[PDB]
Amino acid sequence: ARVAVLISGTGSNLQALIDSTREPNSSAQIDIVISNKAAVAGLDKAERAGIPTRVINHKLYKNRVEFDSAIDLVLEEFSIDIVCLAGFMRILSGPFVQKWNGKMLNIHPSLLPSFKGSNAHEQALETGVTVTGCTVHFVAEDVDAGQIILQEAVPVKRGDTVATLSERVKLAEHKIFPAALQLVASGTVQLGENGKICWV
């Protein structure tokens, strides 16, 4: 399976995905890395890995459709099979999500369905949970509500901040994102006919 990784910043999940997909038994290959923001560190990690990069500045498009369309163009250029959202912080338009239904994965730093949205760690700390975690799911049109592929629980420790909680959660993210990509790339897991996870 040919994989595009979309990023908005540091790219630690990108790097974990790079590492896993270079294992001999990997069913995924990362053929293109796309950032909506230049100068972000994830672009350096891709270039150190020999992976082509493209920056598509969402700020230069009238609307989301033209912007997504620009992304879709690059995906087609690289004959992409699978899209990984790895710290990509833009919401994608309906038609783009539909076109890639069952082919696009996102990592979210909570145990969905808890703490959807952009500040999961803040929400988890304000709520006072002692267990949080992270989720890889298929991207559906309903944000952070697509079908769940893998999750891993992570303890919240007393005194945790966004800084320390997200550091601990990311170690789990770097485990289940590569595992989830391999499940999809190998065809072991698909978005089933009925839209629920299908294990083959």
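Note that residue numbering begins at 1 and tracks the sequence as displayed. Heads up, when I say rigid core I mean the largest set of C-alphas that superpose within 1.5 Å between the two forms.
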Figure out for me whether 56-64 or 39-47 is the more displaced stretch in 9 other deposited structures of this protein, taking RMS C-alpha distance from the shown form once the rigid core is superposed. 56-64
When the other structures are laid on this one by the rigid core, do the CA atoms of 7-15 or of 183-191 sit farther away in 9 other deposited structures of this protein? 7-15
Which is higher on mean Cα B factor in this entry, 99-107 or 69-77? 69-77
Which wins on mean Cα temperature factor, 143-151 or 55-63? 55-63
Reading the B-factor column of the entry, which of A39, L171, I30, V156 has the highest value at its C-alpha atom? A39
Comparing C-alpha B-factors across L125, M89, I82, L112 in this entry, the winner is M89
Would you mind ranking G192 by its C-alpha B-factor against the rest of the chain and naming the third, lowest, middle or highest? highest
Of the three thirds of Cα B-factor ranks in this chain, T130 occupies the lowest
Among modelled residues of the same chain, the CA temperature factor third for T10: highest
Report the third (lowest, middle or highest) to which the CA temperature factor of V200 belongs, ranking only the modelled residues of the same chain. highest
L43: which third of its chain by C-alpha temperature factor? middle
